[PDB]
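Notes follow the structure.
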Amino acid sequence: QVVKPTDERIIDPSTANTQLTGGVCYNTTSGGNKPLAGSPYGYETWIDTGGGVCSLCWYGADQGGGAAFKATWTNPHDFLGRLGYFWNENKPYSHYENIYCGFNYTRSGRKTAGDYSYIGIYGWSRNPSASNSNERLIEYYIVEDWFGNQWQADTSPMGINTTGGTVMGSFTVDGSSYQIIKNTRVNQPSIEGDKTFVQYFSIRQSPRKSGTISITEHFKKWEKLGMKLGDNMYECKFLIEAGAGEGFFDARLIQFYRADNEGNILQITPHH
């Protein structure tokens with residue numbers, strides 16, 4: 001009933017594999033969202049100065065779908081680099097209609113990002129009227145891929161022994177089953193200081209490095225399981241997170257777009 005967009009501006013992710021150049025790089029923690037010149041997107045870096053060199057380099061407004069970046073880490077302590085929509089304007093997810101992200105990247109191999117690592121979609125939402133005070137702040141992940149570790153192959157999806165928490169259910173979208181996990185973070189660092197909050201994960205059962213993520217489909221399935229997002233979405237960004245190791249992530253394509261149920265474009269980036 002939701003019509004997939006067929007607009008020509010959408011770049012086919014499967015063949016979007018030309019190496020990009022001319023990045024603009026950020027080598028320190030950004031202190032939250034920082035807007036990008038001539039772009040609807042913002043970036044954020046979390047680069048612990050107790051670890052080694054990390055960077056995020058944005059490929060600019062006019063190539064690679066507009067949100068493409070490369071990141072590098074050298075023995076970080078939980079590096080996070082992310083880029084995409086920054087919202088935080090008191091609106092629930094449904095306000096943004098159907099959100100999609102087409103992507104294509106290369107990365108370093110197995111065991112180059114420490115014991116845990118995440119690639120995919122990430123953000124937060126606030127739900128102050130939730131009766132359970134634990135559920136008034138939400139951190140969320142849609143996990144397309146990871147680097148595995150010494151114990152587990154990067155071809156094998158991570159489980160609750162990496163994420164923590166409880167398997168709530170699953171569904172199939174964009175060519176794979178996704179396991180849905182809820183975890184409670186007890187008195188942990190957050191966008192609101194040290195506190196208790198919840199995390200929602202969809203873990204792609206068949207990891208991949210290119211494709212399209214039907215982000216809104218995850219949000220709907222979470223809410224059906226009682227994993228509510230509330231009424232103030234913070235952001236919706238493409239993330240690389242590396243617990244440790246020495247590696248890289250290098251996107252040839254990250255294209256966000258939003259469409260209504262008829263499949264008409266609401267927002268997209270970017271004569272013969």
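Position 1 is the first residue of the sequence; numbering continues from there.
Cluster membership check: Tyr96 does not share its hydrophobic cluster with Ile268, using side-chain heavy-atom separations under 4.5 Å among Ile, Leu, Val, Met, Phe, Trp and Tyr. Linking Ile, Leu, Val, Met, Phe, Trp and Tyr residues whenever their side-chain heavy atoms come within less than 4.5 Å places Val198 and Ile142 in a single cluster. The hydrophobic cluster containing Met158 also contains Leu239, counting ILVMFWY residues as joined when their side-chain heavy atoms lie under 4.5 angstrom apart, directly or transitively. Following chains of ILVMFWY side-chain contacts shorter than 4.5 Å, one cannot reach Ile11 starting from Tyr257, and the two form parts of different hydrophobic clusters. Cluster membership for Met233 and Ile138, using ILVMFWY side-chain heavy atoms within less than 4.5 angstrom, is shared.
In this structure, the side chains of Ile121 and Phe103 stay at 4.5 Å or more apart for every pair of heavy atoms. Looking at heavy atoms from C-beta onward, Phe147 lies out of side-chain contact with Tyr116 at the 4.5 angstrom threshold. Side-chain contact check for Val3 versus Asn261: every heavy-atom pair is 4.5 Å or farther apart. At a threshold of 4.5 Å between non-hydrogen side-chain atoms, the residues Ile203 and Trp146 do not count as touching. The side-chain heavy atoms of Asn183 and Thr163, taken from C-beta on, include no pair separated by under 4.5 Å. Side chains of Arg185 and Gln199 form a contact here, defined as non-hydrogen atoms less than 4.5 Å apart. Taking 4.5 Å as the limit, every side-chain heavy atom of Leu36 sits out of range of all side-chain heavy atoms of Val24. Counting heavy atoms from C-beta on, the side chains of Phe238 and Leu83 never come closer than 4.5 Å.
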* Does the pair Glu192 and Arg136 meet the rule for a side-chain contact (heavy atoms from CB on, under 4.5 Å), with working shown? -> CA-CA 11 Å; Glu192 289 176 359; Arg136 297 173 185 158; over 6 Å; no
* Asked: Are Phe249 and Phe69 close enough, and set up right, to give a ring-ring contact (aromatic ring centres under 6.0 Å, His included), and what steps lead you there?
  -> CA-CA 8 Å; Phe249 163 93; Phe69 67 90; 5.1 Å; yes
* May I have the step-by-step check of side-chain contact (heavy atoms from CB on, under 4.5 Å) for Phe79 and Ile47, ending in yes or no? => CA-CA 5 Å; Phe79 169 63; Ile47 302 173; 3.8 Å; yes
* **Pair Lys182-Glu135, side-chain contact (heavy atoms from CB on, under 4.5 Å): steps then yes or no** => CA-CA 11 Å; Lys182 172 183 191 184; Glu135 297 170 355; 2.8 Å; yes
* Asked: Are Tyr234 and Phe86 close enough, and set up right, to give a ring-ring contact (aromatic ring centres under 6.0 Å, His included), and what steps lead you there?
  -> CA-CA 6 Å; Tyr234 186 67; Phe86 188 77; 4.9 Å; yes
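Pairs passing the salt bridge (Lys or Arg N to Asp or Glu O under 4.0 Å) check and including a residue from residues 237-246, sequence neighbours excluded, read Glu235-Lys237. Counting only residues at least two apart or on different chains, no disulfide (SG to SG under 2.5 Å) pair has a member in residues 210-272. Residue pairs meeting the ring-ring contact (aromatic ring centres under 6.0 Å, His included) criterion with at least one member in residues 30-66, sequence neighbours excluded: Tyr26-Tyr43, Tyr41-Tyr85, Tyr41-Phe256. Applying the disulfide (SG to SG under 2.5 Å) definition to pairs two or more places apart or across chains, those involving residues 21-107 are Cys25-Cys57. Screening residues 212-221 for salt bridge (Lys or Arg N to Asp or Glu O under 4.0 Å), with sequence neighbours left out, gives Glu217-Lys220.
When every heavy atom of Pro5 is checked against every heavy atom of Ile265, the shortest pair comes out as CB-CD1, 4.2 Å. Nearest heavy-atom pair, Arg9 versus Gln255, reported as atom, atom and distance to 0.1 Å: O-NE2, 3.0 Å. Listed here is the closest heavy atom pair of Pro92 and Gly230: CB-O, 3.6 Å. Closest of all the heavy-atom pairs between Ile240 and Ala71 is CG2-CB, 3.7 Å. Pairing each heavy atom of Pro157 with each of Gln152, the nearest pair is O-OE1, 2.9 Å. Across all their heavy atoms, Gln63 and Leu20 have their closest contact at OE1-CD2, 3.6 Å.
The closest donor-acceptor contact from the side chain of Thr216 to the backbone of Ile99 lies under 3.5 Å. The backbone N or O of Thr28 sits less than 3.5 Å from a side-chain atom of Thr45, completing a donor-acceptor pair. Panel note: side chain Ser176, backbone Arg204; no donor-acceptor pair is recorded below 3.5 Å. Judged purely by atom type and a 3.5 angstrom limit, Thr196 has no side-chain atom pairing as donor or acceptor with the backbone of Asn134. In this structure, the side chain of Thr212 does not engage the main chain of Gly102 through any donor-acceptor pair within 3.5 Å. Between the side chain of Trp73 and the backbone N or O of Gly52, no donor-acceptor pair lies under 3.5 Å. In this structure, the side chain of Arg110 engages the main chain of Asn149 through a donor-acceptor pair within 3.5 Å.
By the 6.0 Å contact criterion, CG on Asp260 is enclosed, its count of non-hydrogen atoms from other residues, nucleotides or ligands being greater than 12. For CD of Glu262, the number of neighbouring non-hydrogen atoms (other residues, nucleotides, ligands) closer than 6.0 Å is 12 at most.
Atom CG of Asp12 and atom CD of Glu8 lie 13.0 Å apart (nearest 0.5 Å). With rounding to the nearest 0.5 angstrom, the CG atom of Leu229 is 8.0 Å from the OH atom of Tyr140. Remark: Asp231 CG to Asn127 CG distance equals 6.0 Å, nearest 0.5 Å. Note: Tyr118 OH to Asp78 CG = 9.0 Å, rounded to the nearest 0.5 Å. Note that NZ of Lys195 is 6.0 Å distant from OG of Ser190, once rounded to the nearest 0.5 Å. Here the CZ-CG distance, from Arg258 to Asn264, works out to 13.0 Å after rounding to the nearest 0.5 Å.
A donor and an acceptor atom, one from each side chain of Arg252 and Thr106, are located under 3.5 Å apart. If you check the side chains of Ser202 and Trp222, you find a donor sitting under 3.5 Å from an acceptor. Counted by atom type alone, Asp145 and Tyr105 present one or more donor-acceptor pairs between their side chains at under 3.5 Å.
Note: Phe197 and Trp124 have tilted aromatic rings, judged against thresholds of 30 and 60 degrees for the angle between ring planes.
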Residues 166-175, side-chain donor-acceptor partners within the protein, below 3.5 Å, at least two apart:
from	atom 1	to	atom 2	distance (Å)
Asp174	OD1	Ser214	OG	2.6
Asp174	OD2	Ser214	N	2.8
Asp174	OD2	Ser214	OG	3.3

